[PDB]
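One file, run-v1.tsv, is given below (TSV, C-alpha atoms and all ligand atoms).
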chain	number	residue	atom	x	y	z
A	6	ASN	CA	6.57	15.89	-10.02
A	7	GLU	CA	10.18	15.64	-8.76
A	8	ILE	CA	9.78	11.92	-7.89
A	9	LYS	CA	8.51	11.22	-11.47
A	10	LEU	CA	12.16	11.08	-12.67
A	11	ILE	CA	13.21	8.33	-10.19
A	12	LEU	CA	10.39	5.96	-11.24
A	13	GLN	CA	11.05	6.51	-14.97
A	14	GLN	CA	14.77	5.95	-14.22
A	15	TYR	CA	13.89	2.67	-12.42
A	16	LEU	CA	11.54	1.60	-15.27
A	17	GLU	CA	14.32	2.22	-17.85
A	18	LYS	CA	16.92	0.40	-15.68
A	19	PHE	CA	14.62	-2.60	-15.03
A	20	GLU	CA	13.85	-2.73	-18.79
A	21	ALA	CA	17.58	-2.59	-19.69
A	22	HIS	CA	18.74	-4.93	-16.87
A	23	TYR	CA	16.11	-7.54	-17.87
A	24	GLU	CA	17.07	-7.71	-21.59
A	25	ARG	CA	20.80	-7.81	-20.69
A	26	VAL	CA	20.41	-10.60	-18.07
A	27	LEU	CA	18.57	-12.75	-20.67
A	28	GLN	CA	21.26	-12.57	-23.40
A	29	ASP	CA	24.25	-12.66	-20.97
A	30	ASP	CA	24.56	-14.14	-17.44
A	31	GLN	CA	27.09	-11.43	-16.44
A	32	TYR	CA	24.57	-8.66	-15.57
A	33	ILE	CA	22.96	-10.78	-12.79
A	34	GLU	CA	24.84	-8.91	-10.01
A	35	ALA	CA	23.53	-5.64	-11.53
A	36	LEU	CA	19.87	-6.84	-11.51
A	37	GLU	CA	20.09	-8.30	-7.97
A	38	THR	CA	21.69	-5.03	-6.76
A	39	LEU	CA	18.97	-3.00	-8.56
A	40	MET	CA	16.19	-5.02	-6.86
A	41	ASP	CA	17.95	-4.61	-3.48
A	42	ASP	CA	17.86	-0.81	-4.05
A	43	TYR	CA	14.21	-0.90	-5.26
A	44	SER	CA	13.20	-2.94	-2.17
A	45	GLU	CA	14.82	-0.28	0.07
A	46	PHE	CA	13.33	2.57	-2.04
A	47	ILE	CA	9.69	1.52	-1.38
A	48	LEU	CA	10.36	1.14	2.39
A	49	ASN	CA	11.83	4.69	2.56
A	50	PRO	CA	9.41	7.11	4.36
A	51	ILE	CA	10.78	10.12	2.40
A	52	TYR	CA	9.88	8.76	-1.06
A	53	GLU	CA	6.57	7.32	0.27
A	54	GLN	CA	5.43	10.89	1.09
A	55	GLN	CA	6.68	12.19	-2.30
A	56	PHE	CA	4.84	9.33	-4.08
A	57	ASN	CA	1.58	9.92	-2.14
A	58	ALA	CA	1.79	13.70	-2.85
A	59	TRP	CA	1.73	13.04	-6.64
A	60	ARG	CA	-1.82	13.13	-8.09
A	61	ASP	CA	-2.01	13.16	-11.94
A	62	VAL	CA	-4.07	9.94	-12.14
A	63	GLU	CA	-3.68	8.77	-15.78
A	64	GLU	CA	0.11	9.26	-16.10
A	65	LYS	CA	0.90	7.93	-12.59
A	66	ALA	CA	-1.35	4.85	-13.00
A	67	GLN	CA	0.32	3.97	-16.35
A	68	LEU	CA	3.80	4.44	-14.79
A	69	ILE	CA	2.86	2.17	-11.84
A	70	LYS	CA	1.26	-0.31	-14.28
A	71	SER	CA	4.40	-0.32	-16.48
A	72	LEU	CA	6.62	-0.85	-13.39
A	73	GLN	CA	4.40	-3.72	-12.12
A	74	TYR	CA	4.92	-5.69	-15.37
A	75	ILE	CA	8.71	-5.28	-15.74
A	76	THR	CA	9.41	-6.01	-12.03
A	77	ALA	CA	7.16	-9.09	-12.35
A	78	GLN	CA	9.47	-10.44	-15.09
A	79	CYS	CA	12.57	-9.52	-13.03
A	80	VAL	CA	11.35	-11.44	-9.93
A	81	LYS	CA	10.70	-14.49	-12.17
A	82	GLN	CA	14.27	-14.35	-13.56
A	83	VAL	CA	15.88	-13.63	-10.15
A	84	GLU	CA	14.13	-16.81	-8.89
A	85	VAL	CA	15.34	-18.76	-11.96
A	86	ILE	CA	18.91	-17.48	-11.31
A	87	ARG	CA	18.73	-18.54	-7.63
A	88	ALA	CA	17.28	-21.94	-8.64
A	89	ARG	CA	20.01	-22.67	-11.23
A	90	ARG	CA	22.67	-21.56	-8.70
A	91	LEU	CA	21.41	-23.99	-6.00
A	92	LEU	CA	21.28	-26.83	-8.57
A	93	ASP	CA	24.90	-25.87	-9.44
A	94	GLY	CA	25.71	-26.46	-5.73
A	95	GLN	CA	25.70	-22.90	-4.30
A	96	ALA	CA	23.06	-21.58	-1.89
A	97	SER	CA	22.56	-17.80	-1.98
A	98	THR	CA	20.34	-14.84	-1.05
A	99	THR	CA	19.98	-11.08	-1.61
A	100	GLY	CA	18.54	-7.98	0.06
A	101	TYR	CA	15.28	-8.74	-1.79
A	102	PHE	CA	15.03	-12.45	-0.87
A	103	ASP	CA	16.13	-11.82	2.74
A	104	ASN	CA	13.29	-9.26	3.07
A	105	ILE	CA	10.46	-11.58	1.92
A	106	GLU	CA	11.63	-14.96	3.35
A	107	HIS	CA	11.31	-13.68	6.96
A	108	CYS	CA	7.61	-13.81	7.98
A	109	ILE	CA	6.33	-16.47	5.53
A	110	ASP	CA	5.34	-18.66	8.52
A	111	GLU	CA	3.07	-16.03	10.14
A	112	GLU	CA	1.35	-14.71	6.98
A	113	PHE	CA	-1.88	-16.38	8.11
A	114	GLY	CA	-0.72	-16.26	11.75
A	115	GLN	CA	1.50	-17.89	14.39
A	116	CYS	CA	0.80	-21.65	14.71
A	117	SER	CA	-2.12	-21.31	12.24
A	118	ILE	CA	-1.30	-24.20	9.84
A	119	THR	CA	-1.28	-27.71	11.41
A	120	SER	CA	0.01	-31.11	10.18
A	121	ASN	CA	-3.48	-32.15	8.92
A	122	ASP	CA	-4.01	-28.91	6.90
A	123	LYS	CA	-3.33	-28.42	3.16
A	124	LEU	CA	-2.03	-25.15	1.62
A	125	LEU	CA	-2.42	-24.03	-2.02
A	126	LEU	CA	0.06	-21.49	-3.43
A	127	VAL	CA	-1.00	-19.64	-6.61
A	128	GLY	CA	2.12	-18.61	-8.58
A	129	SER	CA	4.77	-20.74	-6.87
A	130	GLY	CA	7.73	-19.53	-8.99
A	131	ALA	CA	11.11	-21.09	-9.85
A	132	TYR	CA	12.15	-20.85	-6.17
A	133	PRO	CA	9.03	-21.81	-4.12
A	134	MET	CA	10.18	-20.77	-0.60
A	135	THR	CA	6.59	-20.70	0.73
A	136	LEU	CA	5.99	-24.37	-0.19
A	137	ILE	CA	9.35	-25.46	1.27
A	138	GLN	CA	9.19	-23.38	4.48
A	139	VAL	CA	5.55	-24.29	5.32
A	140	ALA	CA	6.06	-27.98	4.44
A	141	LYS	CA	9.14	-28.43	6.67
A	142	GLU	CA	7.79	-26.16	9.47
A	143	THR	CA	4.23	-27.56	9.83
A	144	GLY	CA	4.64	-30.98	8.11
A	145	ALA	CA	1.56	-30.35	5.95
A	146	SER	CA	0.74	-31.21	2.33
A	147	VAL	CA	1.25	-28.24	-0.02
A	148	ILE	CA	0.37	-27.63	-3.69
A	149	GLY	CA	1.78	-25.02	-6.11
A	150	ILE	CA	0.39	-23.84	-9.46
A	151	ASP	CA	2.17	-21.71	-12.07
A	152	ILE	CA	1.29	-20.79	-15.69
A	153	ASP	CA	5.06	-20.72	-16.45
A	154	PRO	CA	6.44	-24.25	-17.25
A	155	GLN	CA	10.04	-23.14	-16.46
A	156	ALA	CA	8.84	-22.18	-12.94
A	157	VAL	CA	7.09	-25.57	-12.57
A	158	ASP	CA	10.19	-27.47	-13.79
A	159	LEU	CA	12.77	-25.59	-11.66
A	160	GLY	CA	10.29	-25.49	-8.73
A	161	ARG	CA	10.09	-29.31	-8.72
A	162	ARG	CA	13.91	-29.59	-8.88
A	163	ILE	CA	14.42	-27.08	-6.03
A	164	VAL	CA	11.79	-28.82	-3.85
A	165	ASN	CA	13.65	-32.11	-4.53
A	166	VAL	CA	16.90	-30.54	-3.20
A	167	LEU	CA	15.63	-28.71	-0.08
A	168	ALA	CA	12.51	-30.74	0.94
A	169	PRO	CA	12.61	-34.19	-0.78
A	170	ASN	CA	10.63	-36.15	1.86
A	171	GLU	CA	7.87	-33.50	2.27
A	172	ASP	CA	4.49	-33.70	0.50
A	173	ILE	CA	5.07	-31.00	-2.15
A	174	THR	CA	3.46	-31.21	-5.63
A	175	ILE	CA	3.66	-28.48	-8.30
A	176	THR	CA	1.61	-28.47	-11.55
A	177	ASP	CA	0.49	-26.01	-14.27
A	178	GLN	CA	-3.18	-26.74	-13.41
A	179	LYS	CA	-5.78	-24.02	-12.76
A	180	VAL	CA	-7.99	-23.91	-9.63
A	181	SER	CA	-10.84	-25.51	-11.66
A	182	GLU	CA	-8.55	-28.39	-12.77
A	183	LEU	CA	-7.45	-29.26	-9.18
A	184	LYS	CA	-9.08	-32.57	-8.15
A	185	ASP	CA	-8.92	-32.14	-4.34
A	186	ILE	CA	-9.72	-28.40	-4.07
A	187	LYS	CA	-12.48	-29.18	-1.51
A	188	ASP	CA	-9.83	-30.51	0.95
A	189	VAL	CA	-7.74	-27.28	0.74
A	190	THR	CA	-7.65	-25.44	4.10
A	191	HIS	CA	-5.32	-22.50	3.29
A	192	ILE	CA	-4.66	-20.55	0.05
A	193	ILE	CA	-1.79	-18.07	-0.55
A	194	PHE	CA	-1.72	-15.70	-3.56
A	195	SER	CA	1.58	-14.26	-4.83
A	196	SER	CA	1.41	-10.43	-4.99
A	197	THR	CA	2.68	-10.14	-8.58
A	198	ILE	CA	-0.26	-11.95	-10.26
A	199	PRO	CA	-2.52	-9.77	-12.50
A	200	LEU	CA	-5.52	-12.20	-12.29
A	201	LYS	CA	-5.23	-12.96	-8.53
A	202	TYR	CA	-8.56	-11.28	-7.60
A	203	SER	CA	-10.20	-12.84	-10.70
A	204	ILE	CA	-9.10	-16.28	-9.39
A	205	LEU	CA	-10.13	-15.30	-5.82
A	206	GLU	CA	-13.79	-14.78	-6.91
A	207	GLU	CA	-13.65	-18.09	-8.85
A	208	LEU	CA	-12.34	-20.02	-5.78
A	209	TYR	CA	-15.47	-19.16	-3.71
A	210	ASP	CA	-17.70	-21.97	-5.06
A	211	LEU	CA	-14.72	-24.37	-5.56
A	212	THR	CA	-13.49	-24.29	-1.92
A	213	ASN	CA	-15.10	-25.50	1.35
A	214	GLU	CA	-16.74	-23.19	3.93
A	215	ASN	CA	-13.79	-23.21	6.40
A	216	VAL	CA	-11.13	-22.06	3.87
A	217	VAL	CA	-9.04	-18.92	4.56
A	218	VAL	CA	-7.19	-16.93	1.85
A	219	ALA	CA	-4.01	-14.84	2.26
A	220	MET	CA	-3.80	-12.29	-0.59
A	221	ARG	CA	-0.31	-10.76	-0.93
A	222	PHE	CA	-0.54	-7.16	-2.18
A	223	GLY	CA	0.95	-3.65	-2.07
A	224	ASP	CA	-0.93	-0.32	-2.10
A	225	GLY	CA	0.47	3.23	-2.31
A	226	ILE	CA	4.19	3.29	-3.19
A	227	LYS	CA	4.38	-0.53	-2.75
A	228	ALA	CA	2.05	-0.88	-5.80
A	229	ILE	CA	5.11	-0.20	-8.04
A	230	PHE	CA	6.47	-3.62	-6.92
A	231	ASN	CA	3.11	-5.34	-6.24
A	232	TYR	CA	-0.46	-5.62	-7.58
A	233	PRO	CA	-2.74	-3.70	-5.15
A	234	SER	CA	-5.71	-4.82	-3.03
A	235	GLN	CA	-9.28	-4.69	-4.41
A	236	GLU	CA	-12.88	-4.66	-3.15
A	237	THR	CA	-14.52	-8.13	-3.20
A	238	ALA	CA	-18.11	-9.02	-4.22
A	239	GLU	CA	-20.70	-8.51	-1.46
A	240	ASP	CA	-21.93	-11.63	0.41
A	241	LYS	CA	-18.94	-13.77	-0.64
A	242	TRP	CA	-15.31	-13.00	0.40
A	243	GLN	CA	-14.96	-10.97	3.63
A	244	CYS	CA	-11.67	-9.21	4.48
A	245	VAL	CA	-11.18	-10.12	8.17
A	246	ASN	CA	-7.67	-8.59	8.42
A	247	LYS	CA	-5.32	-6.34	6.42
A	248	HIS	CA	-1.78	-7.03	7.68
A	249	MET	CA	0.44	-3.99	6.94
A	250	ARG	CA	4.20	-4.70	7.24
A	251	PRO	CA	6.17	-1.37	7.28
A	252	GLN	CA	9.56	-3.15	6.86
A	253	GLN	CA	8.48	-5.76	4.23
A	254	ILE	CA	7.93	-5.16	0.48
A	255	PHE	CA	4.43	-6.75	0.49
A	256	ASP	CA	1.44	-6.72	2.87
A	257	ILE	CA	-1.21	-9.45	3.39
A	258	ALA	CA	-5.04	-9.37	3.23
A	259	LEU	CA	-6.90	-12.29	4.87
A	260	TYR	CA	-10.24	-13.33	3.32
A	261	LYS	CA	-12.78	-15.80	4.77
A	262	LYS	CA	-16.38	-16.83	4.00
A	263	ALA	CA	-19.06	-14.18	4.75
A	264	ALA	CA	-20.94	-16.87	6.73
B	301	LIG	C1	8.06	-15.63	-9.59
B	301	LIG	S1	6.73	-15.92	-8.48
B	301	LIG	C2	5.36	-15.37	-9.44
B	301	LIG	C3	4.84	-16.52	-10.29
B	301	LIG	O1	3.42	-16.43	-10.44
B	301	LIG	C4	3.08	-16.95	-11.72
B	301	LIG	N1	1.76	-16.45	-12.19
B	301	LIG	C5	1.48	-15.24	-12.73
B	301	LIG	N2	0.16	-15.15	-13.03
B	301	LIG	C6	-0.43	-16.31	-12.68
B	301	LIG	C7	-1.79	-16.88	-12.72
B	301	LIG	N3	-2.83	-16.16	-13.22
B	301	LIG	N4	-1.97	-18.14	-12.25
B	301	LIG	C8	-0.95	-18.87	-11.75
B	301	LIG	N5	0.32	-18.40	-11.69
B	301	LIG	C9	0.63	-17.16	-12.12
B	301	LIG	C10	4.24	-16.58	-12.63
B	301	LIG	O2	4.39	-17.52	-13.70
B	301	LIG	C11	5.43	-16.56	-11.69
B	301	LIG	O3	6.24	-17.74	-11.85
B	302	LIG	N1	8.42	-17.88	-4.95
B	302	LIG	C1	7.72	-17.06	-3.94
B	302	LIG	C2	6.46	-16.43	-4.57
B	302	LIG	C3	6.80	-15.08	-5.19
B	302	LIG	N2	7.05	-14.08	-4.14
B	302	LIG	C4	6.71	-12.72	-4.54
B	302	LIG	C5	7.37	-11.69	-3.60
B	302	LIG	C6	7.26	-10.29	-4.10
B	302	LIG	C7	6.26	-9.39	-3.91
B	302	LIG	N3	6.62	-8.26	-4.59
B	302	LIG	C8	7.81	-8.50	-5.16
B	302	LIG	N4	8.24	-9.72	-4.89
B	302	LIG	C9	5.21	-12.51	-4.55
B	302	LIG	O1	4.66	-12.95	-3.44
B	302	LIG	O2	4.60	-12.00	-5.47
B	302	LIG	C10	7.35	-17.87	-2.70
B	302	LIG	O3	7.51	-19.07	-2.62
B	302	LIG	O4	6.86	-17.13	-1.74

As structure tokens, how would this structure be written, given the file I've shared?
Ligand SMILES: CSC[C@H]1O[C@@H](n2cnc3c(N)ncnc32)[C@H](O)[C@@H]1O
Ligand SMILES: N[C@@H](CCN[C@H](Cc1c[nH]cn1)C(=O)O)C(=O)O
Amino acid sequence: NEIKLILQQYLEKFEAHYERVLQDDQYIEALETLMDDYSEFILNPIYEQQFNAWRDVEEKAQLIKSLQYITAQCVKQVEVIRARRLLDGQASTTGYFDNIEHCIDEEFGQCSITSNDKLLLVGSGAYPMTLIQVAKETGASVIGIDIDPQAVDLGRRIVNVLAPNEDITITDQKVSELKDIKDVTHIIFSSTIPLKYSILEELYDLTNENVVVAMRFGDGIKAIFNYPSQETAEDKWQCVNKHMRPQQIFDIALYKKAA
């Protein structure tokens, strides 16, 4: 009940900060600072307990749902801002970016992806760290898909700056449109994708029998800055590991073939 205020305050701020950042590139610092606070807020044990204590299903669910959407748009823009800034000759980071760009290597596991493997990232974004960091680290081919053309465009330009000689392709194709989906060994889903589990189910018959999927997600209080986990259809995708990260904004669920 008491916490309710904070979330509605965040929702209003994120709504205001987003509209302001679009029309004027002066309120960037404000948005980045807001996301740095939000990132810290969801990793605070105090507010986690307060959040979990709150019950009222309908109202809470709608509030979480409303927060998921606005923060989705904010992450998109914060990536665009970082992309434009790098292209303008200035590397940068934030509390938010520093949090997530840590354990991108060991999302599947330590020394899991080899040189011969091929990773597919669903929802690459304007600043595709995952593509760049995996490509340079493992020396593997990596693909990125995004429904946003701005993300595709900037993504290609950023890849060209940071990893020009690595095998990195980004398109606006869907999993069904990908020609060499059968050769894909690893698949990462971005947390903030509302159709990620819908595309998971689809990818079963498209992918080979040795494929492994890393689904980024956030349950409980993290669900305000993430789309949560879900049950998967029986005798298809099997959750072999749920990787909770108490100091990171998103957790990881590993899916493999049932046989
Ligand atoms: C900013 S990182 C998140 C990215 O995922 C992308 N995204 C959201 N939903 C989907 C989807 N269903 N398929 C592919 N990419 C998506 C968004 O366009 C955004 O750039
Ligand atoms: N561009 C990024 C992909 C987007 N990263 C976000 C991180 C996040 C989770 N919650 C809030 N922010 C996501 O995984 O949904 C990459 O290359 O990993």

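Here the question is which of A:219, A:62, A:137, A:21 gets nearest to residue A:256 using all atoms listed in the file, and that residue is A:219.
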
So for ligand LIG 302 (chain B), what box centre and size do we get, axis-aligned, 6 Å extra on each of the six sides, every listed atom, Å to one decimal, as lines of an AutoDock Vina configuration file?
center_x = 6.5
center_y = -13.7
center_z = -3.6
size_x = 15.8
size_y = 22.8
size_z = 15.7

- At a cut-off of 12 Å from (-0.4, 3.1, -9.0) in the coordinates of the file, what residues are picked up using all atoms listed in the file, written as a PyMOL selection string? chain A and resi 12+56-57+59-73+223-234

Near ligand LIG 302 (chain B), 9 Å: chain A residue rows, closest pairs, only C-alpha atoms and all ligand atoms, as CSV:
residue,atom,partner,partner_atom,distance
A:44,CA,B:LIG302,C8,8.3
A:76,CA,B:LIG302,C8,7.5
A:77,CA,B:LIG302,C8,7.2
A:80,CA,B:LIG302,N4,6.2
A:81,CA,B:LIG302,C3,8.0
A:84,CA,B:LIG302,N1,7.0
A:101,CA,B:LIG302,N4,7.8
A:102,CA,B:LIG302,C5,8.2
A:105,CA,B:LIG302,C5,6.3
A:106,CA,B:LIG302,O4,7.3
A:109,CA,B:LIG302,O4,7.3
A:126,CA,B:LIG302,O3,7.9
A:127,CA,B:LIG302,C2,8.4
A:128,CA,B:LIG302,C2,6.3
A:129,CA,B:LIG302,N1,5.0
A:130,CA,B:LIG302,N1,4.4
A:131,CA,B:LIG302,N1,6.4
A:132,CA,B:LIG302,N1,4.9
A:133,CA,B:LIG302,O3,3.5
A:134,CA,B:LIG302,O3,3.8
A:135,CA,B:LIG302,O3,3.8
A:136,CA,B:LIG302,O3,6.0
A:137,CA,B:LIG302,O3,7.7
A:138,CA,B:LIG302,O3,8.5
A:149,CA,B:LIG302,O3,9.0
A:160,CA,B:LIG302,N1,8.7
A:193,CA,B:LIG302,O1,8.7
A:194,CA,B:LIG302,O1,6.9
A:195,CA,B:LIG302,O1,3.6
A:196,CA,B:LIG302,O2,3.6
A:197,CA,B:LIG302,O2,4.1
A:198,CA,B:LIG302,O2,6.8
A:220,CA,B:LIG302,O1,9.0
A:221,CA,B:LIG302,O1,6.0
A:222,CA,B:LIG302,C7,7.4
A:223,CA,B:LIG302,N3,7.7
A:227,CA,B:LIG302,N3,8.3
A:228,CA,B:LIG302,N3,8.8
A:229,CA,B:LIG302,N3,8.9
A:230,CA,B:LIG302,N3,5.2
A:231,CA,B:LIG302,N3,4.9
A:232,CA,B:LIG302,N3,8.1
A:254,CA,B:LIG302,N3,6.1
A:255,CA,B:LIG302,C7,5.4
A:256,CA,B:LIG302,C7,8.7

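Pairwise distance (atom CA of residue A:122, atom CA of residue A:173) equals 13.0 Å.
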
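Among the candidates A:238, A:48, A:166, A:86, the residue lying nearest to ligand LIG 301 (chain B) is A:86 (atoms considered: only C-alpha atoms and all ligand atoms).
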